[PDB]
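Protein chains in written order, with the authors' numbering: chain A, 734 to 782; chain Z, 1 to 733; chain B, 880 to 928; chain W, 880 to 928. Don't be surprised by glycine CBs; every beta carbon is placed ideally from N, CA and C.
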Amino acid sequence: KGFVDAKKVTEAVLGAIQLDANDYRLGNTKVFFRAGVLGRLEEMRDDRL
Amino acid sequence: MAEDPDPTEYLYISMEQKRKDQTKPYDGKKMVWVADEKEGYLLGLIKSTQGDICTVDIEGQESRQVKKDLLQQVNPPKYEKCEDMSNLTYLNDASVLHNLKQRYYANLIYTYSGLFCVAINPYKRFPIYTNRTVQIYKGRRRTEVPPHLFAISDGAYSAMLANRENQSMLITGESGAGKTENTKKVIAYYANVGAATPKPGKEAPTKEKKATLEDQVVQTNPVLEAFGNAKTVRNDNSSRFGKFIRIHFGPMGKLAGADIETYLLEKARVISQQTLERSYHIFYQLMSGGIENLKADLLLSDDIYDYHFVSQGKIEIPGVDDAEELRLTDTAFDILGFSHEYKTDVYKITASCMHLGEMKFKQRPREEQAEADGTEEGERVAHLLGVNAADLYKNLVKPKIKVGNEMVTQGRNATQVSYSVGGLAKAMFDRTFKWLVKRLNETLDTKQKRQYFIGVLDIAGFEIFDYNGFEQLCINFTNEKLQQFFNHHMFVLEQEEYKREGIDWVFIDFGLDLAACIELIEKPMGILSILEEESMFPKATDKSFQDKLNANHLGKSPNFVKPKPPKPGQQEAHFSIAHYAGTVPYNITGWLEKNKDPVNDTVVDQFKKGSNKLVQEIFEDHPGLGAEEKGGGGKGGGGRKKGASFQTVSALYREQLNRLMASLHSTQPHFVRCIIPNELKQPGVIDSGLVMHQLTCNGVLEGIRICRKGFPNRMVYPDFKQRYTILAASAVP
Amino acid sequence: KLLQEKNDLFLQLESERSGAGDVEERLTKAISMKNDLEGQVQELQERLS
Amino acid sequence: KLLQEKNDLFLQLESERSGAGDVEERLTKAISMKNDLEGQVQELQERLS
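So this is what it looks like as structure tokens:
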């Protein structure tokens, strides 16, 4: 419980899943995905799934 | 007791009136009514008459020379502060004016003028809806039942159950003439007398002692008022919709069910309110009453003033909270039969509409294809719908553009997107309240009893402001027809009913008619106007609309007030119609888009593929709500009705107009003519300038001239013959 | 409820059936002014030529 | 049997709604046709002028 700068909220969630902010690049509105990164996120869920 | 019968307490008027001799030496015989500024009409004396000219002084003693035909003849206080209006003789204006002003001010709002009463909305919570008032009145012998709305409803219930013909209950008013508050008291008679309410505990104060149908049908009204009501400049509690209650009655006496239709909803105000108006009530309740847990899952800010679709600021309502009123209504869902999920689910679909307008689009001039600066604003929407996040924030700016029938992607430019997002809010709220009123009716549909009824024409509006648009016009378009049904029912259908019943009556009329301006039958209404025959063509505008009204009505139709020049060259386009309560200014520039309704396809189609059950239901055909784009062949909708474009609501408001009005003139009417005492929203204040317009204009002087001999009590000849019979054991054996 | 729903539908059967007739009058407007318009297309085309 | 009167009145109703369904398409087709015939007329007069 503590939603604020959505940029900062997302760094924390993605920091818990250990990705530095250069494979997924941030800007303002959107996140850029380098190869693997989005479909590694999909895979991470879909390990337990 | 001196032509009048015997009195009771504050509920009645002061009806043990004296006959105090002082009044009498004035009946001799050359006093008259004269125009003043301060009171309105006043008392004058003919001193000397110069043929067709007259020198008449006044209460103020100012000797004035007058022309004959103004001199309204004096009608003495034999008829001061009676319960019913009837007995007043010389029905020229002053005689009625005087008499109502000093009724309201003497605590009596609701005053009898036969069946169709006069009510001057008090604006206060009066302790006269107590169960004392509603325990004595268990089908009472009407003298103990004096000029309040319970008797009116008693007299409806008491004719109807016996004589088997369907009924209506129609309160008219102008802006904030407390309509809803009145109908709650029609229902509060019904909810505490004729039904199975176990009364023998005798509690005059808080009863709350069954039936459950009664406790339920009541709660649907706060529920309706939290969602659908908001605030205006005149009106704190402004029902931003218009409803019809069909009060159903079974075989034996007591209640059977209730069918509420709903006409319009003011979804346009959701982007920004104008001046001091408040957002849809439900919203603020959910904000203040919510606790630490719920607050997270629903995605409320802790701080206030964030909520971007609440304009001007947080404005208060006088003398109510927002926060405890949440806890009332939530439990009024519990009490209806909502489930522990669906509680959170209706609020989930409600609060996103408070959120959404947080989405800040910003100019990135390399193209002008703006995208919005965040996620929080979008996510607190996205989760509460449980729609695909990866769709929303891409596909809102980049949708699959249907070109004819094939498909090309496009990025959208800055303002189209901001506007479509504001569109997404007005799409959510309109669809949900319409989902809600039916899903409310479902719990209260006549469950294996009978659909025999009273229809209550509780259309909340006729609200006058500088801004009147299309929105105001489609509300005002019924309220007009209601004043037309007044003429059609105070002269006409009152006595047309006496005629059907073959009573001792005489057909008499005076002559009041709107139908030389306003369209009444569904097809005249579906010819009105440069909107269905032309909304589909790229060159038509709210400018050509005004010009085709100005071609098709002006000069020859004497009822249409024309603009005071916001039309030569540069228009906002204004015109006016001669509606009884007020010549009103409308604006036309915009209407087209309020009669086409333009959003984004790809996102609301992907929202159809949503989750959270209720959030889902709000979307498709099968009953007929959204499924909202692609191409129904070229008609103008929709689904029913008509084909595709998103909306066209003015034609759908033909579709229900036919079915409602057909019923209304068949179902015998009860009326209450509610009027407002002041502009300033204040309790107890009455103004004479306003009252002088209003009592002329509501059909009141004319509407005593017949309805004086008109009957306010109406029941059945077999019972009444058989309940009496042996009283005349001398005469009938 | 069914002895009533007999008369209920019958009432609504007046409702949609007048709605058929009136909208067909507005369709008769089309069916009529069509002839005049075709007449106008005849007299137009013949004279410009 | 009471319901069979409700059955027939409803079958009937639906067929008058579907007759009016025809009339929807028919009507709007006639309205769209009017507006083209207008565009045939107005201009052809204007080309005389």
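Do you know how far the Cα of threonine 220/Z is from the Cα of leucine 759/A? 48 Å
Would you kindly work out how many angstroms separate the C-alpha atoms of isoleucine 508/Z and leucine 482/Z, rounded to a whole number? 21 Å
Taking the alpha-carbon positions, what's the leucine 384/Z to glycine 689/Z distance? 51 Å
Any C-beta of chain Z within less than 9 Å: which residues of the region 886-897 of chain B qualify? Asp887, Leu890, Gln891, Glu893, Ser894, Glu895, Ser897
Helix, strand or coil: how does DSSP classify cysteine 474/Z here? helix
Count the C-beta pairs between the region 591-611 of chain Z and the region 335-348 of chain Z that are closer than 8 Å, then say yes if the count reaches three, no if not. no
I want to see whether chain B comes within less than 8 Å of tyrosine 653/Z, judged by CB atoms only; does it? no
Proximity below 8 Å, CB of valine 32/Z to CB of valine 56/Z: yes
Could you tell me if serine 238/Z is buried or exposed, where buried requires 16 or more neighbouring beta carbons within 10 angstroms of its beta carbon? buried
Mapping DSSP to helix, strand and coil, what is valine 32/Z? strand
Near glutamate 702/Z, what residues of its chain come up, given a Cβ to Cβ distance below 7 Å and the 5 sequence neighbours on each side ignored? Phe510, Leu512
Can you give me the C-alpha to C-alpha distance between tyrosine 26/Z and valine 685/Z, rounded to a whole angstrom? 31 Å
Please give the ranges of any alpha helix (DSSP H) in the region 491-528 of chain Z, keeping only runs that are unbroken, at least 4 residues long and fully inside the region. 494-500, 522-525
Counting only beta-carbon atoms, is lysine 880/B nearer than 8 Å to chain Z? yes
How close, in whole Å, do the beta carbons of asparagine 600/Z and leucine 396/Z come, if the pair is a contact with beta carbons under 8 Å? 6 Å
Whole angstroms are fine: how far does the CA of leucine 149/Z sit from the CA of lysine 523/Z? 35 Å
How would you write the range of the beta strand (DSSP E) that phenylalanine 338/Z sits in, first residue to last? It is not in any beta strand (DSSP E) - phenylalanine 338/Z carries neither H nor E in the DSSP assignment.
Measure from the alpha carbon of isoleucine 577/Z to the alpha carbon of each residue in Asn559/Z, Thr375/Z, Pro146/Z, then state which is nearest. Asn559/Z
Determine the direct distance from the alpha carbon of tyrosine 580/Z to that of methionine 692/Z, and round the result to whole angstroms. 13 Å
Contacts around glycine 290/Z, its chain only, beta-carbon distance under 8 Å, and the 5 residues preceding and following it disregarded: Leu298, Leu300, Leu326
My guess is that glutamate 533/Z and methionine 525/Z are in contact by the Cβ rule of under 8 Å, so how many angstroms apart are they, rounded? At roughly 13 Å, the Cβ-Cβ gap does not stay under 8 Å, so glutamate 533/Z and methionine 525/Z are not in contact.
Applying the criterion that 16 or more other CB atoms from any shown protein chain within 10 Å of the CB defines a buried residue, is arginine 64/Z buried or exposed? exposed
Coil, strand or helix - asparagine 75/Z by DSSP: coil
Secondary structure at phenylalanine 485/Z, three-state DSSP: helix, strand or coil? helix
Quick one: any contact between the region 439-457 of chain Z and the region 269-284 of chain Z, if contact means 3 or more CB pairs under 8 Å? no
Whose Cβ in chain A lies nearer than 9 Å to the Cβ of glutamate 376/Z? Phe736, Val737, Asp738, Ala739, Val742
Please list the segments of the alpha helix (DSSP H) lying wholly inside the region 342-400 of chain Z, counting only runs of 4 or more residues, in order along the chain. 342-355, 376-385, 389-395
Verify the CB distance criterion: does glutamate 533/Z have a CB-CB separation below 8 Å to chain W? yes
Interface residues of chain Z facing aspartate 915/B [CB-CB closer than 9 Å]: In chain order: nothing, as chain Z lies at least about 17 Å away.
Taking three-plus beta-carbon pairs below 8 Å as touching, is the region 77-92 of chain Z in contact with the region 150-158 of chain Z? no
Can you grab the Cα-Cα spacing for the pair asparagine 698/Z / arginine 905/W, in whole Å? 44 Å
Can you name, in chain order, every residue of its own chain whose Cβ lies under 6 Å from the Cβ of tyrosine 79/Z, other than the five neighbours on each side? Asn87, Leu88
8 Å is my cut-off, CB to CB: does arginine 659/Z come that close to chain B? yes
Leaving aside the five residues before and after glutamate 903/W along the sequence, list all residues of the same chain whose C-beta is less than 7 Å from its C-beta, in chain order. none
Close-in-space but distant-in-sequence residues of the same chain around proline 122/Z (CB under 7 Å, 5 per side omitted): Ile109, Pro683
I need the straight-line Cα distance from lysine 81/Z to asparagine 293/Z, nearest angstrom please. 58 Å
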